[PDB]
Amino acid sequence: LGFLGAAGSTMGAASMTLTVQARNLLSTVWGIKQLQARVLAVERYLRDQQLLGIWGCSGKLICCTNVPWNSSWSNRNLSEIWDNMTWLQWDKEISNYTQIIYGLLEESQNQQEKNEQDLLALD
Amino acid sequence: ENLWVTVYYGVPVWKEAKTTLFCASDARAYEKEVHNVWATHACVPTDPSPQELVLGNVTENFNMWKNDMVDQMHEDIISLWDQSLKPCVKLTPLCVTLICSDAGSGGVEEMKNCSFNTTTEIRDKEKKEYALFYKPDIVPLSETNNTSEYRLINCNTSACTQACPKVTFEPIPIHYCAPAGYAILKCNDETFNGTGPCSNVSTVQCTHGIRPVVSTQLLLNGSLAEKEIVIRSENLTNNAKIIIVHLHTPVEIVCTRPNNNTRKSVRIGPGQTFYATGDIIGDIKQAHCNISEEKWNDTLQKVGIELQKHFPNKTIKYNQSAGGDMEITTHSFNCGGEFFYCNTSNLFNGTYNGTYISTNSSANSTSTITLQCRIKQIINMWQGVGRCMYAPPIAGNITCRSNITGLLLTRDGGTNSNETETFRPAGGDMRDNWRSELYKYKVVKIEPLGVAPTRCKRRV
Amino acid sequence: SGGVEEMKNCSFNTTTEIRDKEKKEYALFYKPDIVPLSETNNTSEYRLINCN
Ligand SMILES: *[C@@H]1O[C@H](CO)[C@@H](O[C@@H]2O[C@H](CO)[C@@H](O[C@@H]3O[C@H](CO[C@H]4O[C@H](CO)[C@@H](O)[C@H](O)[C@@H]4O)[C@@H](O)[C@H](O[C@H]4O[C@H](CO)[C@@H](O)[C@H](O)[C@@H]4O)[C@@H]3O)[C@H](O)[C@H]2NC(C)=O)[C@H](O)[C@H]1NC(C)=O
Ligand SMILES: *[C@@H]1O[C@H](CO)[C@@H](O[C@@H]2O[C@H](CO)[C@@H](O)[C@H](O)[C@H]2NC(C)=O)[C@H](O)[C@H]1NC(C)=O
Ligand SMILES: *[C@@H]1O[C@H](CO)[C@@H](O[C@@H]2O[C@H](CO)[C@@H](O)[C@H](O)[C@H]2NC(C)=O)[C@H](O)[C@H]1NC(C)=O
Ligand SMILES: *[C@@H]1O[C@H](CO)[C@@H](O[C@@H]2O[C@H](CO)[C@@H](O)[C@H](O)[C@H]2NC(C)=O)[C@H](O)[C@H]1NC(C)=O
Ligand SMILES: *[C@@H]1O[C@H](CO)[C@@H](O)[C@H](O)[C@H]1NC(C)=O
Ligand SMILES: *[C@@H]1O[C@H](CO)[C@@H](O)[C@H](O)[C@H]1NC(C)=O
Ligand SMILES: *[C@@H]1O[C@H](CO)[C@@H](O)[C@H](O)[C@H]1NC(C)=O
Ligand SMILES: *[C@@H]1O[C@H](CO)[C@@H](O)[C@H](O)[C@H]1NC(C)=O
Ligand SMILES: *[C@@H]1O[C@H](CO)[C@@H](O)[C@H](O)[C@H]1NC(C)=O
Ligand SMILES: *[C@@H]1O[C@H](CO)[C@@H](O)[C@H](O)[C@H]1NC(C)=O
Ligand SMILES: *[C@@H]1O[C@H](CO)[C@@H](O)[C@H](O)[C@H]1NC(C)=O
Ligand SMILES: *[C@@H]1O[C@H](CO)[C@@H](O)[C@H](O)[C@H]1NC(C)=O
Ligand SMILES: *[C@@H]1O[C@H](CO)[C@@H](O)[C@H](O)[C@H]1NC(C)=O
Ligand SMILES: *[C@@H]1O[C@H](CO)[C@@H](O)[C@H](O)[C@H]1NC(C)=O
């Protein structure tokens, strides 16, 4: 499947297709407009890569972070989320809470890296 | 146990954004040595395999009136049109007073002779030359009852930049392709009313064939419908919003012209030569457009029985345009490099009261509808920033075997207890044609990042 | 009327929308923007400074 093969499919079945939607992010009168759009696409991909790498999840598609999830954010059972819902309604009802989640991931990565350098220096 | 968040990359979630788009043209448009006006040197070619993938169970809202590709297409067309008249002949030494008479013995009652003097390739020598300018391009400057002094119309306001006699106004199709990281959602619902949700959204990269035809008050060549006649409007409440009728069966329309002599070449300096209208050989006739009678009659009957759904107990009427000058009240287009401005008095003369009339006569197809009209040569289009041209004439006769696709209508303001309202045709802004050809598509941006709950524990 | 020092009238002629006909106009140009081109003791011929 090419563009958006599982944009409405099963949540548990949409985790087998993240590669094809991530493989294609880069592939005078109009000598400046396409240049600006192409540089903007490059910085969009680079911002995404740096935001992945800032919490220790670079080069790995599905990465895991040890920070917990509060009950005031979603309060919904996992089984019917992963077997009934889609991605679009999740982005509809979670996107207002994303900044504090990103801050929590950044703080957890900072704590993990500081324990790592403390363990490396103490040994 | 408890929920721990995990980050996901490569997630199919969407947002609405406004970005610039590309071009796409056929492979046959690059072998032409006439260089066209758009798709030879600027726009990129496309692959001969447009891949389209249908999505499963997604419903997406569409709003064709608040769109970004219509404005971007209009700006690209305006900029590309202004950039194609810079290395061309400028008619600045043509504002000299003209002495104009009837077109010889037995005048044609439509053109004036308009002999003048002009500067040749030598800056000192001047020579007397003649042409045959059209009547709507001739303005009588006067201080008394003088019937021999005339001048050109575009010397009064701004510029006289002639179009180059190598490019053509042929509307070849183009396709719009979204850039990297963006997609185009296209709605395949046949009962799409213009605004609202759609449940058969398909994701595509490049659009279908769009012909940027220059037309007002009536739609030329374009994409047909699928099932029935479709009404497009945003409110259908006031009388100041243009309504678009999208048809299903085409009606044949032709437009002809009598003969001319040739392009008389007149020099106004080093290299800058312009082609004016020469003589006229043979008898002179009128430039008319023919439309079939019974096809137009039952097509308007189909529009009536489909438009009666939005007005249950009201009869519909049609009449002339709601006043104005030549450029807005007449159906205007171009063919073969020559422009037409034609009266629509005999097409919108009727009414429908809800009772259908069947036309079953095989021998009645001989009767036609004729639209008599004149020809202009200086075009002031785009309602400003148009770079006022002077279209060169064509030597022989021309034909306009065309096709019709849609109609542009506008309701009139009624009175008290007015159960019979009228629908007059009107054009106006240029964005309506490209908005009618871009109802399906909507640009969309994908965000590959996401979060999800699971039981993943990263090992230390 | 008056003296109006440091300004001069400096009426000229210019082309209309017709390249053949020309019409007379007038202004009030400043003194340092006016240069006396001269081949004799003519006290009426003046030109614009930046046309040089
Ligand atoms: C809506 O759709 C219709 C049909 O698709 C379009 O009609 C076509 O319009 C184009 C131009 O607008 C026509 O092309 C012109 O045809 C002229 C006559 O063609 C006959 O003769 C030639 C030989 O001379 C044959 O090859 C041809 O098969 C026909 O038998 C030509 O004389 C024209 O040549 C001019 O252009 C070329 C290239 O620019 C120049 O090199 C020439 O010197 C000359 O200036 C031109 O090729 C086409 O014929 C029409 N189709 C039909 C079926 O008639 C409408 O234009 C389109 N749009 C609108 C608004 O209605
Ligand atoms: C427009 O006027 C010009 C000049 O009055 C006409 O040119 C003359 O045409 C006659 C033919 O009837 C020639 O004998 C002359 O030599 C022409 N004079 C020129 C070229 O200076 C011209 O024919 C008129 N236009 C029309 C359509 O009749
Ligand atoms: C020069 O252009 C102006 C417009 O900028 C003309 O003014 C009007 O032009 C229209 C179009 O022909 C006429 O219908 C009006 O009667 C004109 N006058 C007014 C007051 O609106 C102007 O007439 C043009 N110059 C000449 C000599 O015709
Ligand atoms: C045209 O410009 C030149 C400058 O390139 C003028 O030359 C000098 O101008 C100053 C300013 O008035 C005078 O004081 C000098 O005497 C000029 N000559 C030299 C050799 O410096 C020139 O005068 C201008 N033309 C006219 C007619 O004034
Ligand atoms: C779309 O969702 C409905 C809702 O359960 C489901 O029945 C259907 O199979 C889904 N479509 C696809 C292609 O999975
Ligand atoms: C144009 O120039 C010619 C020069 O031969 C002159 O005789 C004529 O009077 C001028 N004016 C007109 C209106 O022809
Ligand atoms: C959606 O459009 C595609 C286009 O080919 C068509 O095949 C399909 O049948 C449409 N969906 C429905 C439910 O009709
Ligand atoms: C336009 O539509 C809105 C809501 O769809 C409505 O409130 C408004 O009255 C309409 N405009 C007119 C002039 O009726
Ligand atoms: C159309 O407009 C004209 C304008 O005067 C009016 O007289 C006429 O009644 C209208 N309706 C029809 C059906 O002609
Ligand atoms: C169109 O035709 C009608 C009747 O034939 C006529 O009254 C009118 O002046 C014409 N022109 C325009 C611009 O409506
Ligand atoms: C409209 O149609 C009627 C009926 O055939 C006819 O009498 C009339 O002349 C036509 N034209 C106008 C401008 O009313
Ligand atoms: C008009 O031109 C076409 C070809 O473009 C030709 O077939 C037709 O015969 C011409 N009309 C006349 C009256 O000769
Ligand atoms: C218009 O209709 C004619 C005959 O009905 C057809 O040959 C022609 O291809 C149509 N035009 C377009 C652009 O499809
Ligand atoms: C300026 O041009 C006009 C043209 O109408 C001419 O009559 C006049 O002699 C010229 N010179 C002056 C100094 O006004």
# chains A, B, ... in the order shown; residues from 1 in each chain; ligands from 1
>>> residues_near_ligand(ligand="ligand 12", cutoff="6 Å", atoms="only C-alpha atoms and all ligand atoms", output="PyMOL selection string")
chain B and resi 397-399
>>> write_last_selection(atoms="C-alpha atoms", output="short mmCIF file (atom, residue, chain, number, x, y, z; two decimals), in the first residue's frame")
data_model
loop_
_atom_site.label_atom_id
_atom_site.label_comp_id
_atom_site.auth_asym_id
_atom_site.auth_seq_id
_atom_site.Cartn_x
_atom_site.Cartn_y
_atom_site.Cartn_z
CA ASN B 397 -11.93 31.75 -41.95
CA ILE B 398 -12.05 29.89 -38.64
CA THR B 399 -14.27 27.27 -37.01
#
>>> residues_near_ligand(ligand="ligand 7", cutoff="9 Å", atoms="only C-alpha atoms and all ligand atoms", output="PyMOL selection string")
chain B and resi 54-56+187-190+199-202
>>> closest_residue(among="B:25, B:281, B:34, B:164", to="ligand 2", atoms="only C-alpha atoms and all ligand atoms")
B:281
>>> interface_residues(of="chain B", to="chain C", cutoff="12 Å", atoms="only C-alpha atoms", output="VMD selection string")
chain B and resid 92 to 98 116 to 119 141 149 to 159
>>> write_last_selection(atoms="N, CA and C atoms", output="short mmCIF file (atom, residue, chain, number, x, y, z; two decimals), in the first residue's frame")
data_model
loop_
_atom_site.label_atom_id
_atom_site.label_comp_id
_atom_site.auth_asym_id
_atom_site.auth_seq_id
_atom_site.Cartn_x
_atom_site.Cartn_y
_atom_site.Cartn_z
N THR B 92 3.42 51.41 -28.67
CA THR B 92 3.46 52.81 -28.26
C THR B 92 3.45 53.82 -29.41
N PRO B 93 4.07 53.58 -30.63
CA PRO B 93 3.87 54.58 -31.70
C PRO B 93 2.63 54.29 -32.56
N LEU B 94 1.47 54.22 -31.90
CA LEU B 94 0.21 54.07 -32.62
C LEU B 94 -0.88 54.97 -32.05
N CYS B 95 -0.54 55.94 -31.21
CA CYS B 95 -1.51 56.84 -30.62
C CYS B 95 -1.72 58.11 -31.45
N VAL B 96 -1.23 58.12 -32.69
CA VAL B 96 -1.43 59.25 -33.59
C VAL B 96 -2.90 59.28 -34.01
N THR B 97 -3.44 60.49 -34.22
CA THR B 97 -4.82 60.66 -34.67
C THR B 97 -5.06 59.97 -36.01
N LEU B 98 -6.15 59.23 -36.08
CA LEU B 98 -6.51 58.49 -37.27
C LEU B 98 -7.58 59.24 -38.06
N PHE B 116 -3.32 56.53 -41.14
CA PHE B 116 -2.50 57.37 -40.28
C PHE B 116 -1.09 57.44 -40.86
N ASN B 117 -0.19 58.10 -40.14
CA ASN B 117 1.22 58.09 -40.47
C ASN B 117 1.99 57.41 -39.35
N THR B 118 3.11 56.78 -39.70
CA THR B 118 3.89 56.04 -38.73
C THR B 118 5.37 56.21 -39.02
N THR B 119 6.17 56.00 -37.98
CA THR B 119 7.62 56.05 -38.09
C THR B 119 8.12 54.69 -38.56
N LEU B 141 -12.37 60.96 -30.31
CA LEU B 141 -11.94 62.19 -29.66
C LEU B 141 -12.42 63.37 -30.50
N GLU B 149 -11.97 62.34 -37.08
CA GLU B 149 -10.89 62.21 -36.12
C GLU B 149 -11.20 61.06 -35.16
N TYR B 150 -10.27 60.12 -35.05
CA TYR B 150 -10.44 58.94 -34.22
C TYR B 150 -9.08 58.52 -33.68
N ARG B 151 -9.09 57.75 -32.59
CA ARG B 151 -7.86 57.29 -31.97
C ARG B 151 -8.08 55.91 -31.37
N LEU B 152 -6.98 55.30 -30.92
CA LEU B 152 -7.03 53.97 -30.35
C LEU B 152 -7.39 54.05 -28.86
N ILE B 153 -8.02 52.99 -28.36
CA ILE B 153 -8.63 53.03 -27.04
C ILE B 153 -7.64 52.85 -25.88
N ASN B 154 -6.57 52.07 -26.06
CA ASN B 154 -5.69 51.78 -24.94
C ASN B 154 -4.58 52.81 -24.77
N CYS B 155 -4.48 53.80 -25.65
CA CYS B 155 -3.54 54.90 -25.44
C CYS B 155 -4.04 55.88 -24.39
N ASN B 156 -5.33 55.84 -24.08
CA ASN B 156 -5.92 56.74 -23.09
C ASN B 156 -5.55 56.33 -21.67
N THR B 157 -5.61 55.04 -21.34
CA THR B 157 -5.40 54.65 -19.95
C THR B 157 -4.02 54.09 -19.66
N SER B 158 -3.67 52.94 -20.24
CA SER B 158 -2.43 52.26 -19.89
C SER B 158 -2.01 51.18 -20.89
N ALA B 159 -0.86 51.39 -21.55
CA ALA B 159 -0.11 50.43 -22.36
C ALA B 159 -0.82 49.89 -23.60
#
>>> atom_distance(atom1="atom 22 (C, counted along the ligand's line) of ligand 2", atom2="CA of residue 261 (chain B)")
12.9 Å
>>> residues_around(residues="residue 251 (chain B)", least_positions_apart="6", cutoff="8 Å", atoms="only C-alpha atoms", output="NGL selection string")
:B and (291-292 or 295-296 or 403-404)
>>> write_last_selection(atoms="C-alpha atoms", output="compact mmCIF listing (two decimals), in the first residue's frame")
# COMPACT_ATOMS: atom_id res chain seq x y z
CA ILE B 291 -26.54 25.88 -31.05
CA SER B 292 -28.98 22.98 -31.52
CA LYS B 295 -30.91 19.63 -27.25
CA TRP B 296 -30.91 23.06 -25.59
CA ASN B 403 -18.45 21.45 -26.37
CA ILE B 404 -20.45 22.86 -23.45
>>> residues_near_ligand(ligand="ligand 13", cutoff="9 Å", atoms="only C-alpha atoms and all ligand atoms", output="ChimeraX atom specification")
/B:220-224,249-253,401-405
>>> write_last_selection(atoms="N, CA and C atoms", output="compact mmCIF listing (two decimals), in the first residue's frame")
# COMPACT_ATOMS: atom_id res chain seq x y z
N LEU B 220 -17.17 26.36 -21.34
CA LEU B 220 -16.68 25.63 -22.50
C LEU B 220 -16.19 24.25 -22.04
N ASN B 221 -15.35 23.61 -22.86
CA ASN B 221 -14.76 22.28 -22.65
C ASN B 221 -14.34 22.01 -21.21
N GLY B 222 -14.79 20.88 -20.68
CA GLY B 222 -14.48 20.55 -19.30
C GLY B 222 -14.99 19.16 -18.97
N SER B 223 -14.78 18.78 -17.71
CA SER B 223 -15.17 17.46 -17.24
C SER B 223 -16.67 17.40 -16.97
N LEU B 224 -17.30 16.33 -17.44
CA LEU B 224 -18.73 16.14 -17.27
C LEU B 224 -19.04 15.58 -15.89
N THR B 249 -25.32 15.97 -20.18
CA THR B 249 -25.28 15.72 -21.62
C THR B 249 -24.77 16.95 -22.34
N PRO B 250 -23.71 16.84 -23.15
CA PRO B 250 -23.20 18.01 -23.86
C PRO B 250 -24.12 18.43 -25.01
N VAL B 251 -24.03 19.71 -25.35
CA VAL B 251 -24.78 20.30 -26.46
C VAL B 251 -23.77 20.92 -27.42
N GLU B 252 -23.89 20.57 -28.70
CA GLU B 252 -22.92 21.04 -29.68
C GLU B 252 -23.11 22.52 -29.99
N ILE B 253 -22.00 23.26 -30.01
CA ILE B 253 -21.99 24.68 -30.32
C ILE B 253 -20.86 24.96 -31.30
N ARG B 401 -15.75 24.29 -33.48
CA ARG B 401 -16.49 23.10 -33.11
C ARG B 401 -16.16 22.72 -31.67
N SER B 402 -16.99 23.18 -30.74
CA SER B 402 -16.70 23.12 -29.31
C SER B 402 -17.72 22.25 -28.58
N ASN B 403 -17.62 22.25 -27.26
CA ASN B 403 -18.45 21.45 -26.37
C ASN B 403 -18.80 22.32 -25.17
N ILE B 404 -19.96 22.06 -24.56
CA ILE B 404 -20.45 22.86 -23.45
C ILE B 404 -20.52 21.98 -22.20
N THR B 405 -20.23 22.56 -21.05
CA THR B 405 -20.18 21.74 -19.85
C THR B 405 -21.05 22.26 -18.72
>>> residues_near_ligand(ligand="ligand 1", cutoff="12 Å", atoms="only C-alpha atoms and all ligand atoms", output="MDAnalysis selection string")
chainID B and resid 29 32:37 165:173 211:216 218:223 250 252:256 289 331:340 392:405
>>> select_by_dssp(residues="chain A", states="alpha helix (DSSP H)", output="count of residues only")
65
>>> interface_residues(of="chain A", to="chain B", cutoff="7 Å", atoms="only C-alpha atoms", output="list in words")
residues 3, 4, 5, 7, 8, 18, 19, 21, 22, 25, 26, 27, 41, 61, 62, 63, 64, 65, 66, 67, 68, 69, 87, 88 and 91 of chain A
